[PDB]
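Notes follow once the structure below has been shown.
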Amino acid sequence: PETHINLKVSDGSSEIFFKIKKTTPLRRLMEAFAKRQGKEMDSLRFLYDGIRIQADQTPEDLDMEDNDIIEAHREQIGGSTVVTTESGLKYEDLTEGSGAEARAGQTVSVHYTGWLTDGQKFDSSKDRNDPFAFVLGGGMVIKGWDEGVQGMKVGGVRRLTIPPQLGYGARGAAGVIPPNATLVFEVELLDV
Ligand SMILES: C=CC[C@@H]1/C=C(\C)C[C@H](C)C[C@H](OC)[C@H]2O[C@@](O)(C(=O)C(=O)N3CCCC[C@H]3C(=O)O[C@H](/C(C)=C/[C@@H]3CC[C@@H](O)[C@H](OC)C3)[C@H](C)[C@@H](O)CC1=O)[C@H](C)C[C@@H]2OC
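Take the sequence shown: its position 7, counting from 1, is numbered -72 in the deposited numbering, and each next residue is one higher.
Take a look at the structure:
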């Protein structure tokens, strides 16, 4: 407790905790975060109390205390935009796609991860090495997906925050999704 510190890293979807010595440069935490997430260090920007962290700075330098939060930002440089549509769906483009645009009628191919609002992962197509294909705009998937995947471009990564009436509602999903749950997905569009 004297020499080490526990810190929370949030990326807006989930959280991972790290314990490092107070004299250890944050590089070690940043690298551990990047490796666990399968991301390049150079793709990530870290903030503490709104100030950009540099990798050679220590918790001691920044007067950090146990359970302080570091934000990890993977989204495009220049300032994020969370869009709320008329349905109450929210979406945020973490990566802007460069390819073909997804439109209703297409059988599109994606990877996804889904979390509850407390950051617990409930599913991932990547964890089973299994891209997911569906008829976009067909009513075959939950409403937040039909609405939210429309307009993505191939290469894009979009975060959907789906209120339960656009998800599984009061029923939930057996074994997996509670009644009245808000769902967070990161969807990566692979093909249309
Ligand atoms: C024969 C049927 C099996 C068939 C299963 C598959 C092809 C495998 C496929 C990878 C699903 C996953 O299997 C591991 C698993 O994905 C979740 O974990 C998940 O991440 C999720 O939420 N997804 C999946 C990705 C698209 C968004 C959403 C969805 O819309 O999923 C859809 C869904 C469940 C829609 C319901 C349908 C009933 C409506 O009444 C309800 O309306 C509220 C909405 C899925 C894709 C359906 O179109 C097709 C199926 O169900 C669910 C939490 C539970 C689900 O297992 C069942």
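The C-beta atom is built at its ideal place from N, Cα and C for all residues, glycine as well.
Exercise for the section: Please classify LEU(-50): does DSSP put it in a helix, a strand, or coil? Expected result: helix
Exercise for the section: Measure the Cβ-Cβ separation of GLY93 and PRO99 and say whether it is below 8 Å. Expected result: yes
Handout entry: DSSP beta-bridge partners of residue 122
Key = Nothing can be reported for residue 122: it is not among the residues displayed for the chain, which extend from -78 to 113.
Practice task
State the DSSP-derived secondary structure class of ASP(-37), mapped to helix, strand or coil.
Solution key: helix
Problem - Whole-Å CB distance - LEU15 paired with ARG79, under 8 Å assumed - result: 7 Å
Exercise for the section: May I ask which residues mark the beginning and end of the beta strand (DSSP E) holding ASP44? Expected result: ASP44 -> beta strand (DSSP E) spans 42 to 45.
Exercise for the section: Look at the Cβ atom of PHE55, then the Cβ atom of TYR33, and state whether they are nearer than 8 Å. Expected result: no
Practice task
Please say whether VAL113 and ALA23 have beta carbons closer to each other than 8 Å?
Solution key: yes
Exercise for the section: Compute the minimum distance between the beta carbon of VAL97 and the heavy atoms of ligand 1, and state whether it is under 7 Å. Expected result: It does: the Cβ of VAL97 is within 7 Å (strictly closer) of some heavy atom of ligand 1.
Exercise for the section: Have a look at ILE(-74), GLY77, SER(-65), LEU(-72) and flag the residue whose alpha-carbon is nearest the alpha-carbon of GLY20. Expected result: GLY77
Handout entry: Other residues of its chain near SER30: CB distance less than 6 Å, five sequence neighbours each side excluded
Key = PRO52, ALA54, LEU111, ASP112
Practice task
Compute the beta-carbon to beta-carbon distance between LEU10 and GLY69, rounded to the nearest angstrom, for a pair I have assumed lies under 8 Å.
Solution key: Between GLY69 and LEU10 the Cβ distance is about 6 Å, and since that is below 8 Å, they are a contact.
Practice task
Please state if the CB of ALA(-7) and the CB of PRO(-54) are separated by a distance shorter than 8 Å.
Solution key: no
Problem - Per-residue DSSP class, three states only, for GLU107 - result: Here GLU107 sits in strand by DSSP.
Handout entry: Alpha carbon of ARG49 to alpha carbon of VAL75, nearest angstrom
Key = 21 Å
Practice task
Please determine, among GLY35, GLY90, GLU(-14), the residue with the shortest C-alpha to C-alpha distance to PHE(-61).
Solution key: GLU(-14)
Practice task
Please go through the region 27 to 82 and give each complete alpha helix (DSSP H) segment of 4 or more residues, from N-terminal end onward.
Solution key: 64 to 70
Practice task
For my contact list, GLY65 and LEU87 are in at a C-beta cut-off of 8 Å; report their separation, rounded to the angstrom.
Solution key: 4 Å
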